[PDB]
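Visitor: fold the following and give me the result.
(chains A, B, C, D, E and F)
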Protein chains: 6
Amino acid sequence: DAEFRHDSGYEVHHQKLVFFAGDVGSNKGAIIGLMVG
Amino acid sequence: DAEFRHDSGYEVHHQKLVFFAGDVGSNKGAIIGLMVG
Amino acid sequence: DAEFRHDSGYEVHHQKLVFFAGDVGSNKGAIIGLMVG
Amino acid sequence: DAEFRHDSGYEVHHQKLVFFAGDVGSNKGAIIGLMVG
Amino acid sequence: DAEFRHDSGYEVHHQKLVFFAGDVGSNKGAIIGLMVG
Amino acid sequence: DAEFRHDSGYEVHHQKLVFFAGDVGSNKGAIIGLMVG
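Guide: Residues are numbered from 1 along each chain as shown, chains lettered A, B, ... in the order given. Right below this line is the structure:
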């Protein structure tokens, strides 16, 4: 009687003034904050 | 009697002044904040 | 008597002044904040 | 005289017998191949 | 006279018998190949 | 006269019998190949 189990568990985030936040994987692009000429 | 289980679990986010937020996977593009000429 | 279960769980988001927010997968485009000439 | 340019470029994919393929932002779910009881 | 440029460039993929392939941002889930009871 | 440039460059991939392939940001889950009871 093979039992299995998993739990990705409890998280919590409190953020403020955050230009970017999260997970990406691949970026061939340009996550620019501000350009000027 | 093979039992299984999973739980992606409890989360919470409190954000403010956040130009971008979340998950992407792939970006071949251009996540620009501001361009000027 | 094989039991299974899943729960994608409880979330909550409170946001303000957020140019973009959410999940994308693929971007071949251009998520521009502001262009000027 | 401000020139810009971008090119997400040229790609090619040849696949076979591929249970899943592509880009995902977030998965709180269960991309299972096969369950049995 | 401010010039800019970008090029995410030229790619090629040839695959076969690939249970999963691509880019992921976040997985709170379960990308299982095969479960049995 | 401020010039800039970028080039994410030229790539090539030739694969076969590859259970998983690509880029991941976060995994709180379970990228299992095969479970048995």
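Visitor: name the nearest residue to the closest residue to chain D within chain A, sequence neighbours excluded.
Guide: Closest residue of chain A to chain D, CB to the nearest CB: residue A:37 (5.4 Å). Every residue, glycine included, has its C-beta placed from N, CA and C. Leaving aside its sequence neighbours, residue A:37 sits nearest to residue E:2 (CB to CB, 6 or more residues apart in numbering or on different chains; 4.4 Å).
Visitor: is it true that that neighbour touches residue A:36?
Guide: No. Using CB atoms under 8 Å, residue E:2 is not in contact with residue A:36, being 9.1 Å away.
Visitor: the two: which is more packed in?
Guide: Of the pair residue E:2 and residue A:36, residue E:2 is the one with more neighbours under other CB atoms under 10 Å in any protein chain shown, namely 16 against 10.
Visitor: for chain C, see how far away the more buried one is.
Guide: When distance is defined by CB to the nearest CB, to the nearest Å, residue E:2 is 12 Å away from chain C.
Visitor: count the neighbours of residue A:33 for me.
Guide: If you count neighbours by other CB under 10 Å, residue A:33 ends up with 11.
Visitor: ok, back up a step: check contacts around the residue nearest to residue A:37.
Guide: By CB atoms under 8 Å, 6 or more residues apart in numbering or on different chains, residue E:2 lies in contact with A:37, B:37, D:2, F:1-4.
Visitor: pipe these into JSON lines and attach secondary structure and distance to residue E:18 per row.
Guide: Supplementary listing: these in JSON lines, determined by DSSP: H, G, I helix; E, B strand; the rest coil; distance: CB to CB, whole Å:
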{"residue": "A:37", "secondary structure": "coil", "distance to residue E:18": "44"}
{"residue": "B:37", "secondary structure": "coil", "distance to residue E:18": "45"}
{"residue": "D:2", "secondary structure": "coil", "distance to residue E:18": "44"}
{"residue": "F:1", "secondary structure": "coil", "distance to residue E:18": "48"}
{"residue": "F:2", "secondary structure": "coil", "distance to residue E:18": "45"}
{"residue": "F:3", "secondary structure": "coil", "distance to residue E:18": "42"}
{"residue": "F:4", "secondary structure": "coil", "distance to residue E:18": "38"}
